[PDB]
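Below: the structure, in structure tokens.
These values consider heavy atoms only, across backbone and side chains, with no hydrogens, waters or symmetry-generated copies. As the structure lists them, so they are numbered: ligands from 1, and atoms in each ligand from 1. Residues: numbered from 1 along the sequence shown.
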Amino acid sequence: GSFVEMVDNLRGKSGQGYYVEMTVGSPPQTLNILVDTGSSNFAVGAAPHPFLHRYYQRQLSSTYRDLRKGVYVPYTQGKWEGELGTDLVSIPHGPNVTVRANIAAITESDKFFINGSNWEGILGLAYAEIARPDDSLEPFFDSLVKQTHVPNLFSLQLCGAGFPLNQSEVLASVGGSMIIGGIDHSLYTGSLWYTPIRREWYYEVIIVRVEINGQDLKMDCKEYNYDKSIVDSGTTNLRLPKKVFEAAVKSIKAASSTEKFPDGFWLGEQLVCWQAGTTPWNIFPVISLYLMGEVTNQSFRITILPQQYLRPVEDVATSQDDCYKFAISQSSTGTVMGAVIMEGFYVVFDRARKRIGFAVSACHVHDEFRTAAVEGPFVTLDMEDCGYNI
Ligand SMILES: CCCN(CCC)C(=O)c1cc(C)cc(C(=O)N[C@@H](Cc2cc(F)cc(F)c2)[C@H](O)[C@H]2C[C@@H](OCC)CCN2)c1
């Protein structure tokens with residue numbers, strides 16, 4: 001592991017997001033910032049909000065520059081409105097550099113901030129194409145690379161605890177690592193396998209095959225990427241296109257049929273509980289997603305366990321049962337490989353080589369009988385046809 005200063009710099013959990021400490025302005029104002037590979041705007045609360053105990057105070061920064069322009073950013077979940085400007089930004093547990101970056105000062109928001117998440121802003125790590133108002137607003141990572149010698153690559157190790165973290169525990173617990181400019185080998189086991197970034201907007205990838213316990217879901221692979229497939233740390237769940245979700249749920253139900261779960265569970269809205277330590281992991285299937293490889297006609301697969309797709313939640317009675325929510329849900333905007341999937345792997349966003357790497361995470365949750373996996377190669381033909389074209 002060669003990036004010790006950045007190892008263990010994240011906090012949070014899948015249900016509320018993973019965040020990194022950043023500083024903005026002069027003198028530096030410390031803020032916790034949501035790591036979001038599914039958007040491209042750097043934005044921080046800049047006005048009082050019931051869920052914020054701190055916010056960016058522009059009038060206290062000698063390096064603040066007003067762009068005299070408003071900005072509106074709508075996400076699937078919620079939205080915010082703000083005022084554009086630039087200021088000096090640093091990451092305390094990151095690369096020892098300070099850069100001048102665009103910052104949207106959030107003045108109004110709806111369903112954006114999360115009560116108790118401990119974060120006050122968002123770091124959109126995707127490409128300028130999807131930046132608001134338009135692609136001329138340079139994203140933070142682009143500025144970082146242009147202004148310093150930091151390699152055009154970052155990697156994420158999101159660490160799910162495998163159990164509920166109460167308010168105090170989640171504040172004192174290490175939630176993972178964001179390695180800026182490199183790959184830290186202590187964070188994964190086995191080999192890194194790379195899939196091409198199909199196009200530089202979201203971190204778009206192509207899924208070529210899906211298995212539930214080794215059984216082919218057997219759908220036209222274009223359905224898996226309808227209308228796109230993305231890697232998104234800013235979404236909790238694995239979200240699947242309607243038809244794929246329906247097929248996957250039918251197959252996961254069939255594999256786990258020795259126990260019947262209520263419809264509310266499969267809808268991802270209701271928790272299920274087991275007596276302490278008795279969660280029947282073995283009745284739930286593993287899920288394998290095959291991704292386009294970098295070699296012609298070659299693919300590889302990433303395999304996740306129910307310890308990834310069943311999200312630990314506190315029992316509404318706070319008892320001693322082990323409880324979970326089903327973290328796979330339906331999408332109308334393509335596949336979203338969210339945080340619960342990322343928790344099984346060390347994910348390398350190799351922007352310089354236009355590829356995303358996956359390796360088994362050194363912090364993934366598993367049992368004595370099964371482990372997450374990244375395996376290859378597999379002969380796979382006509383993978384280009386798996387991509388969707390509007
Ligand atoms: C992560 C904590 C729990 N959480 C948010 C609160 C329930 C989710 O799991 C979640 C669920 C859905 C269905 C969408 C998004 C979502 O829109 N996430 C965005 C980031 C985000 C927004 C927000 F407003 C609160 C928050 F924390 C995180 C991504 O940028 C997402 C936006 C999407 O916008 C398309 C218009 C494109 C893909 N990436 C996030």
Sidechain-backbone polar pair: [X] side chain, [Y] backbone, donor-acceptor under 3.5 Å:
| X | Y | answer |
| --- | --- | --- |
| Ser61 | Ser26 | yes |
| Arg355 | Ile197 | no |
| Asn213 | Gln215 | no |

task = Examine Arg311 relative to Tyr324 and say whether NZ or CZ is less than 6.0 Å from the centre of the six-membered ring and inside a 45° cone about the ring axis.
result =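 Not satisfied by the 6.0 Å and 45° rule.
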Ligand 1: protein N/O within less than 3.5 Å of ligand N/O:
unit_1   : atom_1 : unit_2 : atom_2 : d
ligand 1 : 9 (O)  : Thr236 : N      : 2.8
ligand 1 : 9 (O)  : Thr236 : OG1    : 2.9
ligand 1 : 17 (O) : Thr76  : N      : 3.3
ligand 1 : 17 (O) : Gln77  : N      : 3.0
ligand 1 : 18 (N) : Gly234 : O      : 2.9
ligand 1 : 30 (O) : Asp36  : OD1    : 3.4
ligand 1 : 30 (O) : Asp36  : OD2    : 2.7
ligand 1 : 30 (O) : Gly38  : O      : 3.3
ligand 1 : 34 (O) : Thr76  : N      : 3.2
ligand 1 : 34 (O) : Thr76  : OG1    : 3.4
ligand 1 : 39 (N) : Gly38  : O      : 3.0
ligand 1 : 39 (N) : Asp232 : OD2    : 2.7

Listing, residues 378-390 side-chain donor-acceptor contacts under 3.5 Å, not counting sequence neighbours, or none:
unit_1 : atom_1 : unit_2 : atom_2 : d
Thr380 : OG1    : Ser299 : OG     : 2.6
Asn389 : OD1    : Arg198 : NH2    : 3.1

task = Anything under 30° is parallel, anything over 60° is perpendicular, the rest tilted; go ahead and classify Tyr127 against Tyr203.
result =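 Answer is tilted, since the angle falls between 30° and 60°.
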